[PDB]
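Down below is the structure, laid out as structure tokens.
Note that each Cβ is placed from the backbone with ideal geometry, even for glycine, and that neighbours are counted across all protein chains shown. What follows draws every value from the coordinates through simple rules; no lab data is involved.
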Amino acid sequence: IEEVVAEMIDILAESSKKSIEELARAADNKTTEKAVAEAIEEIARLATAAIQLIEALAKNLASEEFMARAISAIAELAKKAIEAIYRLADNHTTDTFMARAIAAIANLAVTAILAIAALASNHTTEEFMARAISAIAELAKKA
Amino acid sequence: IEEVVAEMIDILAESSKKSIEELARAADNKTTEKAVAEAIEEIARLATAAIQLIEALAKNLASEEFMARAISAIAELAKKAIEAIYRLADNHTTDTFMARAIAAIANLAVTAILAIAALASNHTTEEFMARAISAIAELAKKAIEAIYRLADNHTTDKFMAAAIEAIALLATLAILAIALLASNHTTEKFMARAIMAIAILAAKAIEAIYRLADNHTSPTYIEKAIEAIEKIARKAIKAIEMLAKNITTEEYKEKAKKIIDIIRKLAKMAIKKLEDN
Amino acid sequence: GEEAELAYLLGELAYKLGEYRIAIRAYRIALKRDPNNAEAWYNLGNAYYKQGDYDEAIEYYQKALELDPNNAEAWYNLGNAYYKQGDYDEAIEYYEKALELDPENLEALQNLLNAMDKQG
Amino acid sequence: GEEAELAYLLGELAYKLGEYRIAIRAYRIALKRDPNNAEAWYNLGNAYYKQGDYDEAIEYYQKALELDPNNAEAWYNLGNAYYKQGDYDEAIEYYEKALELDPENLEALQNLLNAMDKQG
Amino acid sequence: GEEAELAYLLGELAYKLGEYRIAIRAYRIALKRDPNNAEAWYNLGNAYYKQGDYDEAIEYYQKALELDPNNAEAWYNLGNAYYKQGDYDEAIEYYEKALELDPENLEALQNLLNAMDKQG
């Protein structure tokens, strides 16, 4: 059963990751400021939703090794969303929609961190806790 | 008390349903591509929110008859949101904002299915589980066909790409959601029904994917469609096997095996035809 | 005999052109004159199938198949007629037979599974 | 007889498909073999009507009607053939008869009035 | 006989509608019953011509022409069948004959010259 839940998580995570990459490419393939703004908002929106869906299922993963996978999935999505936003915003510069990029990164970082902490709050192994801590710190540092 | 919670759910559901209908009308009453895009995004956003609010309250419905009502409300909202999006997108065509329509349908289908599964995971009656399974399959089937049809009315481009992936993802998730709920069944009669629900959905997902690559005779999509078909069949079968393993009666064990072989054969034929194109 | 050949040809032409009622009348003649023409039994069954006359389609498909058991299409259509009438057990058996003869008939396979679901 | 049935069917098929000349030839056969088939007399008359062969259409419509006096359509078409030939008195009588049999035939009624005007 | 007339008519109808295979089968019957119908020999040859069955088309065109030497169209089509088979000497002779009967057949004339070039 845990595999079923975890599999749904891996599936959702892969889908989101890919959609994020596609949006980022579209924003660089396109020539307008809005293409960048749209990908930033959609990347952040999709990443947020993906994370929330994962938490929603991840909460049923009584066994820690699967929870660890769920945390990783969240962190990876958050990292890709952040990097994608960063790249588009950094390439774009010109002070246009840059505030959105900053806010989006921060919002994603918050969402991901709290989601991780929320799942992490339900387990007992010390190493796991350390991994959750590491993931949070990693995301915060990158953001 | 359950009535109070359920009433809040019925209230929210009616409100959302109506707002969805109003947005859809506005998009058809209006003359621009953006009117369609806005209704699609708002319908999906509102439907998503409504479903989430319902789950949030529905989780307190300890008594199953109310939970069943909550599931129905979610499914109905999802269906209306999907149909509304479909109609606007299908009427619109012209390859404009059509990717949004496909994604919106898929996203709603996922949201609704997982929400249903989440509520469903908390009850015990077998019939209820079967109803939850049915609702999931219903939503998945409608979403798949809506997506399929939209891609045919756009013609090739990237819409069929989106459709192939969306269908495969949706079907896979729906199957697993079914398998998960189904894992709590107590008898072969019900486990077998879950198996069949999976098999039917898998077959439909495969046919839709097959048809999109086939009717465009397009090598790009022949390759993607084949991979998607194989993926669906493998997962559908594994889900079936997981459930099949809990069947202790030969009549049903044999039925499950026949179903598995059928899925595999169907998938293989679809693949062969696409390869030949 | 020449009468049978003309009856057959008229039936076949009307059939192809969609005038199934005409084809039925002509095939009844062709078969009255020559009861062993499996093709007429088959096309007759199809002409009825096309009109929603499923009981007739079943009878005639069965005759065509007794004369020619390898007619996969007839087995398929037989299964379809049973399916349409709600007799899924029979539809299931005939879809399987059509598939043994023609494993490439995806629609029969898909319909087999659907019939299995409806029969339960 | 089978010959009559085939003749009838060929006539009917050709007729439906617009090959009225063919239909005429086939119906002559059908009637030679079986003179009582009012339907062939009627369709024969129509096949001629369609070609502008109004005298023939009249003869055959009359035969069809002697066999079946309730064929409102034949009465109507009979009236039309007379009308086309300028015999309004006859067209008038036949339009009225078609209408007695079928009061809903607006075109016959309209044509009745037009014939009345042309006859004066 | 009535049998020949029905066979002829069925052949002709199928022929007109493009179902040449059907027409062939019907014309074989029409001719078996009545070997002197030049029209059936001719249409039979055309029905085969249409299928790429040039040797058959030649045989049947020759029969039609023996019965009716003035059928310019048959001479033309005979020449075309020979042409298609690479026998330009024969195509040339038949195009010339079709032209003697019908000097207005530009296509036969053009084909005559083309055949002359291919024969060398």
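Panel values: the range B:107-195, Kirkwood radius from alpha carbon pairs, Stokes-Einstein at 25 °C and 0.890 mPa s, translational diffusion coefficient 179 µm²/s. Cross-link pairs exceeding 24 Å in C-alpha to C-alpha distance, out of B:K224/B:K245; B:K231/B:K272; B:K224/B:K273, comprise B:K224/B:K245.
For chain D, the longest principal axis of the C-alpha atoms and the axis of helix D:72-84 are separated by about 70°.
Inter-copy label distances for E:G52: 4.3, 4.3 nm (label point placed 7 Å from Cα along Cα→Cβ; shortest first). GluC sites (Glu not before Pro), restricted to the range E:15-120: which are DSSP loop and have at most 14 other Cβ atoms within 10 Å? Counting only loop positions with at most 14 other Cβ atoms within 10 Å, the GluC sites (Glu not before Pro) in the range E:15-120 are E:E104. Helical content of chain C, expressed as a calculated mean residue ellipticity at 222 nm, amounts to -25500 deg cm²/dmol (DSSP H runs of 4 or more residues, -39,500 (n - 2.57) each, divided by residue number, nearest 500).
Relative contact order, whole percent, for chain B stands at 16, derived from Cα pairs under 8 Å and 6 or more residues apart. Against chain A, whose longest principal axis is taken from its Cα atoms, helix A:98-120 shows a tilt of about 0°. Centre-to-centre separation between the Cα atoms of the range B:81-155 and those of the range B:207-277: 21 Å. Pull up the cross-link candidates among the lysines for D:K50, meaning alpha carbon to alpha carbon under 17 Å and not fewer than 8 places away within one chain. Cross-link targets: D:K16, D:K84. Counting Cβ atoms of other protein chains within 10 Å of each Cβ in D:10-21 and taking the mean gives 4.
Per residue of D:22-29, other chain Cβ atoms within 10 Å of the residue Cβ number 3 on average. Computed from phi, the 3J(HN,Hα) profile of the range B:243-255 under the Karplus parametrisation 6.51, -1.76, 1.60 (θ = phi - 60°) reads 6, 4, 4, 9, 8, 10, 10, 4, 4, 8, 5, 5, 4 Hz, with x in place of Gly and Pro.
Against the main long axis of the alpha-carbon atoms of chain E, helix E:20-33 sits at an angle near 70°. Think of chain B as having a plus end and a minus end, set by charges on the Cβ of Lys, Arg, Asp and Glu; of B:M269, B:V36, B:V4, B:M269 sits farthest toward the positive end of this dipole. What number do you get for the protein assembly as shown when its Cα radius of gyration is normalised by 2.2 N^0.38 Å, N = residues? This ratio for the protein assembly as shown stands at 1.33. Please arrange B:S218, A:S121, A:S134 by how many other C-beta atoms lie within 10 Å of their C-beta, fewest to most. Least crowded to most crowded, the residues run A:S121, A:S134, B:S218. Think of each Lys and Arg Cβ as +1 and each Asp and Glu Cβ as -1; about the Cα centre, that makes the dipole of chain B roughly 840 debye. Listed from fewest to most Cβ neighbours within 10 Å, the set B:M8, A:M129, C:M116 follows the order A:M129, B:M8, C:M116. Note on chain B: the C-alpha convex hull projects to 13.4 nm² when averaged across all orientations. In the range A:1-139, the ratio of gyration radius to Kirkwood radius, Rg to Rh, stands at 1.03 when only Cα atoms are counted. Taking every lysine pair in chain A that is 8 or more places apart or spans two chains, those with Cα atoms closer than 12 Å amount to 6. Here B:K204 is the anchor, and the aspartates and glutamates within straight C-alpha reach of less than 12 Å, apart from those fewer than 8 places off in the same chain, are B:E138, B:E145, C:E107. Hydrodynamic radius of chain C by the Kirkwood approach over all distinct alpha-carbon pairs: 14.3 Å. Over chain C, what is the relative contact order in percent, taking alpha-carbon pairs closer than 8 angstrom and at least six residues apart? In percent, rounded to a whole number, it is 16.
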